[PDB]
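First up is the structure itself, then whatever we jot down about it.
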Number of protein chains: 4
Amino acid sequence: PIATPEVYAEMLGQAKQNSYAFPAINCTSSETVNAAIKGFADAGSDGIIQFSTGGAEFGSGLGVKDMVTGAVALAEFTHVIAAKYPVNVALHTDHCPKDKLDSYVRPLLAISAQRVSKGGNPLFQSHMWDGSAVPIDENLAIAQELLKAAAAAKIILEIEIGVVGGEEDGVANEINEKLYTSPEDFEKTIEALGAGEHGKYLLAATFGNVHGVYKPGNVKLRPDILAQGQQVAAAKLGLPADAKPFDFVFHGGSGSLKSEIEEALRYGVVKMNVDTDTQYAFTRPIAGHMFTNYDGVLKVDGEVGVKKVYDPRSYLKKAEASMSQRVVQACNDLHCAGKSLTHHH
Amino acid sequence: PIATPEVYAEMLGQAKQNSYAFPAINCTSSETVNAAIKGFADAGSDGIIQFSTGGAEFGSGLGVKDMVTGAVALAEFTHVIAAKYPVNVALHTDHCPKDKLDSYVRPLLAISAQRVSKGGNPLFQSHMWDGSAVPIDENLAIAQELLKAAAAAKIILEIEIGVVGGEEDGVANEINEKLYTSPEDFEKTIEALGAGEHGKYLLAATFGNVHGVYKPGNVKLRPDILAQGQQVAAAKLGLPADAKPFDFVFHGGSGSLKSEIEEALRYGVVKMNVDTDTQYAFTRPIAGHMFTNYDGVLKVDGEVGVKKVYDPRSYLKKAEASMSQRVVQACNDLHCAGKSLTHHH
Amino acid sequence: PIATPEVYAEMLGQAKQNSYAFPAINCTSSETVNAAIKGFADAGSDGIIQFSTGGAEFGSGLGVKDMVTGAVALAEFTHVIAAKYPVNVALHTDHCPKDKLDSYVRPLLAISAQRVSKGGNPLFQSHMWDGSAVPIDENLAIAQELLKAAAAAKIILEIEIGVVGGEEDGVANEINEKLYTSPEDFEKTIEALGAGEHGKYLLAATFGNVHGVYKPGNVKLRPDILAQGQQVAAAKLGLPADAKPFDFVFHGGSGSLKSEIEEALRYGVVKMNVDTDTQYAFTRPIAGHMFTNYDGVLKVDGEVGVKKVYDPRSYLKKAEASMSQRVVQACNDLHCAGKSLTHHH
Amino acid sequence: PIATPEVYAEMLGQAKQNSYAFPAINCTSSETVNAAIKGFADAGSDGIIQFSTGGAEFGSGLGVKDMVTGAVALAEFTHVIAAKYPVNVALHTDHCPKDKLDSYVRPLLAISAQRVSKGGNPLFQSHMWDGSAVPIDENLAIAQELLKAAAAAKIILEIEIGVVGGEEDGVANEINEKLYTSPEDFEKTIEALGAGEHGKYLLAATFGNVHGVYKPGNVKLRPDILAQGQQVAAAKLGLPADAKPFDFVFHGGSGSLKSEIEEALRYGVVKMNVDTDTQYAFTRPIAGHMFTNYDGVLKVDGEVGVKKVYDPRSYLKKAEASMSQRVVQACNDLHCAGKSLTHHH
Ligand code: NA
Ligand code: NA
Ligand code: NA
Ligand code: NA
Ligand SMILES: [Zn+2]
Ligand SMILES: [Zn+2]
Ligand SMILES: [Zn+2]
Ligand SMILES: [Zn+2]
């Protein structure tokens, strides 16, 4: 089923308590949603499906190119599908910067507020505010009012401090020192938003994260930044030094070393975003299909091709199954496999 | 917008009166739905999006494989998208034989009946009963009760007399004399169902039709069968000899000669089904993408590929645009281009 | 065996007498030579293997790029191979313009003169002088002295009047009226060189010929130009009006209509050049090989490929066999199949 | 130039004295010969071109399939080409087992004996007798008489003790303990043939060698076997313990670790055979060419392709250049680069 807000909060609490995390898989289509949910199910795991601004625009089609339309359409599709799987599936929106709030997160929030006002549940269970490109104080000012709106709609807010390196859509962030979150940013976050009691939130605190897949080991993660952020917050809050007040989000998950994932889990990461690796998994058998069936997918030497192999289902089923396998791998990497809160086992 | 039942009836009436038809494009996904609707819009045309049994199964994902789930999920997706286009889009289900009625058309009918009972409109605007594999009397007995249910849910029923040749999913129909509908079958149809006054229906009367794309000219259509069927019916009904009591459906549209389409339009074809040609149009740029970007979509010689080209959106946008072009061609072949009943022009 | 000058003259005499012609296949390598000779043998036919200036440069390798070296190396290779086939194989050099005479045809002539002086036979059995880019009088002045040298070395000279359209190497000739040979050019040729008694020669008189392969029918051949050239010459020589004093060469053979070849044969064509079509035949199975074995010819996803399919012999044997089939087709198109003067049958 | 027997002996003496070796590159064609020689030249190095039984059969063409014909044809081609390069190129034949002696090495020896009898030099400068599949005593009995014939024709004999693992043509040798040469085999070799004074020879003593390319490190070489073989022989001959009486040949060179090559050079390897790696280098840009030019090398959607890219020279020039680069790498790996005995520098 789709995660209710209550089940989603239980999911994250269980993950936190037991030092595991859920994959948050970027999807762009019916096929990619289907692949993600089947991956969760095959792994006996709960999970999160997320739409980026570009993914939502793509989902709306070339004749529309509207983020709200694409996200709503894909969300409605997902609600129907997820009802037929035993595992819990949460819907999320990825990086939304300041100039897209009015055309993505805010109208989506308003849609969910309306549903809640009628006694229903929100369409999405979490939304990301990415204010990493503006100064920390402005980031958190926007975060505070968005958190009030989100909590009122039974929605968890994800926020970001520090910058994720690499290319996300047309835009590149330089890989530098800004990829490492400062102690003061950790402190200001707690001051501004508390530790859950003013609305539940997730913190994408960056520790060297880079979107994309580079040669293994080229991206230099420093998970210790997270351990120190937890210590900083526990001190502010008057908690024991081993308390973990933050629920962390691991961006740029694809291409990470297994040891880096394992370490991050020890410091309170409850969500790891995966996009690039599942994109490769989806595309890889499509490529193979076109090459091995080149004379069926192309009308060559006066022949008319072979429908059996140019039927989009023929290669897209292969794409789906391959992406699902990669999602199973993510569930085993993050230790959420076999832990679905439905215990359908 | 999605066609209301009243707008759909107006569409078909206009097409009939003016000797044009709408394309009915088989879709299987968010991308193919988006491509079809954009094609209609680019052509300034209304149109029909249809899901086959296999298309619906595919739409539900490999972990579900349920026709009702896939059709409902894709339908809900389509309702969101179609609201953002000026043209009218009707939703339809394709070939449903006797052994799949209880797991496809009937439960879908029941869903729409429920919506109508609450003062709403049906989820789908038409459904196909394909009883061509059973004797004509059984075919029409089932048709009569389905027509009552359909009319009660504000849904048009499509039925089939005669067999369409070729392969549709795993199953092949032999290309023979059964592809040509008999006069008695035309007569029994009118006796059983009337001419609209017991429920609105479309008639897929076969005249040599074959699913798929063979070398141009290999498939031998006999559109005169349709002209004679109209004459047969007008005689039964006591109408002038030039009356056209049937609304005909042209199956196996892909690969047809332009002259064959033109002739069929003169005898009351109001709907032509297209699947194979739009499948080729969708796949063709995907094939080209994989070949020209072979070293980006594959991790070769120890390199890690190129995300920009293995991102599924990169080739699927090309697929969408190419399929939309083929749909524009169908609208111009069927003379519905520039005739949308929204007159947004 | 390699055609001796006496056997080559007999070949051409037989072809002329019986209204058939030999294919002259452009080759560039051991594999293409092997493919051509096997094609001749499979067709029970004699034939001609020819090297263009660019083909000879290619044959010499990227470290040498010397036309004489490449032609000699490929010729020596061919002498060894041809000895093992029952059919007669003549060696020829293709288009040599004025600025390449001193670095191609002349030094090759000198090599053969040396062999003949020692009591041997020439290395090549014919050479082409292409003076179509200079005025007719200069063309024939050069032709006359080259003919003396060639005859002294037991070599037949091919000359060209009129221009062949299209691209031959880096250089394009415009497709225009210059592609059609003038009566005066026919007359000047006979005046300058006679009709065999001052040295045996072949005449590439152009009649709309274009190098390359365009859509069937786009190239407009006028074989009547040849019939009139024969009439013009028979008049000058005081022969009956149905005499055929010229041995014609049909350039741009690839992509020609079968009816065009048949007509040209009636007017004394004894040699038709084929390059573009045999290039496509050679390459086509190589393309197929790479696509169907994509994961064997490329080291993908950390694997090391599959030697069985990246071994150049695996696809080059397929290339050879396919090119040989196209050469068999040329022998059947030109009616030389089953007519080898060895009568090994 | 082609290496005279005197220059070839000088080459090997220089390599031995200075602890370097020459690559022996398997070739199958004009293009592969050209690529190999250009590689030697680019590296300022002498080198060896070798034809296997299968390579020679391939070189003779599908209509002939005769090892002697193919080897002679390719050798004659090579003599013309090599004259135009400043470096010395030696011609060799690879693995010839007992059942192919009468149809490969023996007739080739007879051809060279004839040339020498007329005051000329041999066609090939070395030939390989591979008797590893028969007992050591039979191997060396055949070796002794072949050595007499070879020396009389100014030809060096290569022999093999121990088995090379892997697939060489249709035949596979199991990767086991037989891949490691025994001390007694080293001793019997010296007893039978001496140390050069009864005819010059090269010794392919196996030390774990495997034909082909497996994942780096999977093939376990033991170069110490060679050091001990040298010690064994120096003892038999009454030489100092650091003497190197054997000239060793390193089979299965492709895919070897650089450290393994470096070690082998210290123990008297003067020749390393490379085939599989140069095959991959030749094929790799051909694959890339077909993919990136897929719509030019195939006639698609009713188009006629693009001659510029289906011309075999277009991709074979790329193949040549890539194989030459790999040969340059071999010259730098074996430390013969910059050491050509022509000192053209
Ligand atoms: Na990443
Ligand atoms: Na069709
Ligand atoms: Na041509
Ligand atoms: Na090897
Ligand atoms: Zn991210
Ligand atoms: Zn149909
Ligand atoms: Zn030509
Ligand atoms: Zn070997």
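Count begins at 1; order follows the chain as displayed.
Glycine is treated like the rest: Cβ placed from N, Cα and C.
Marked as D-glyceraldehyde 3-phosphate binding site by Swiss-Prot: D:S52. For D:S52 (D-glyceraldehyde 3-phosphate binding site), the number of other Cβ atoms no farther than 10 Å from its own Cβ, over all displayed protein chains, is 23.
What Swiss-Prot lists as active site, proton donor is D:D94. Around D:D94 (active site, proton donor), the C-beta neighbours below 8 angstroms that are at least 6 residues distant in the chain are D:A24, D:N26, D:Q50, D:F51, D:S52, D:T53, D:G55, D:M128, D:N273. The DSSP secondary structure for D:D94 (active site, proton donor) is coil.
Long-range Cβ contacts of D:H95 (Zn(2+) 1 binding site) within its own chain (separation 6+, distance under 8 Å): D:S52, D:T53, D:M128, D:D130, D:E160, D:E168. Taken from Swiss-Prot, the feature Zn(2+) 1 binding site applies to D:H95, D:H211, D:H251.
The feature Zn(2+) 2 binding site is assigned by Swiss-Prot to D:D130, D:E160. Within 10 Å of the C-beta of D:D130 (Zn(2+) 2 binding site) we count 24 further C-beta atoms, all protein chains included.
Marked as dihydroxyacetone phosphate binding site by Swiss-Prot: D:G212, D:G252, D:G253, D:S254, D:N273, D:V274, D:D275, D:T276. Within the same chain, residues at least 6 positions away in sequence whose Cβ sits under 8 Å from that of D:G253 (dihydroxyacetone phosphate binding site) are D:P23, D:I261, D:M272, D:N273, D:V274, D:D275, D:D277, D:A330.
Rounded to a whole value, the Cα-Cα separation of D:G212 (dihydroxyacetone phosphate binding site) and D:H251 (Zn(2+) 1 binding site) is 10 Å. Comparing local CB density within 10 A for the binding-site residues D:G212, D:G252, the maximum falls on D:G252. The Cβ of D:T276 (dihydroxyacetone phosphate binding site) lies under 8 Å from the Cβ of D:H211, D:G212, D:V213, D:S254, D:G255, each of which sits 6+ residues away along the same chain.
Here the binding-site residues are D:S254, D:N273; the one with the fewest Cβ atoms within 10 Å of its Cβ is D:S254. Listed recorded positions D:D94, D:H251, D:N273 compared with chain C at a CB cut-off under 8 A give none as close ones. For D:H211 (Zn(2+) 1 binding site), the number of other Cβ atoms no farther than 10 Å from its own Cβ, over all displayed protein chains, is 23. For ligand 8, none of the binding-site residues lies close by, meaning a CB under 6 A from one of its atoms; the full candidate list was D:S52, D:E160, D:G212, D:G253, D:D275. Mapped onto three states, the DSSP output places D:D130 (Zn(2+) 2 binding site) in coil. The Cβ centroid of D:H95, D:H211, D:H251 marks the Zn(2+) 1 site; residues of that chain outside this set whose Cβ lies within 8 Å of it are D:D94, D:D130, D:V164, D:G166, D:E168, D:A204, D:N209, D:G252, D:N273, D:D275, given in sequence order. Sequence-distant neighbours of D:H251 (Zn(2+) 1 binding site) (same chain, 6+ residues apart, CB-CB distance under 8 A): D:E160, D:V164, D:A204, D:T206, D:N209, D:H211, D:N273. Note: the dihydroxyacetone phosphate site is recorded as D:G212, D:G252, D:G253, D:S254, D:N273, D:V274, D:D275, D:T276; in the same chain, D:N26, D:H211, D:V213, D:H251, D:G255, D:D277 also have Cβ atoms within 8 Å of that site's Cβ centroid.
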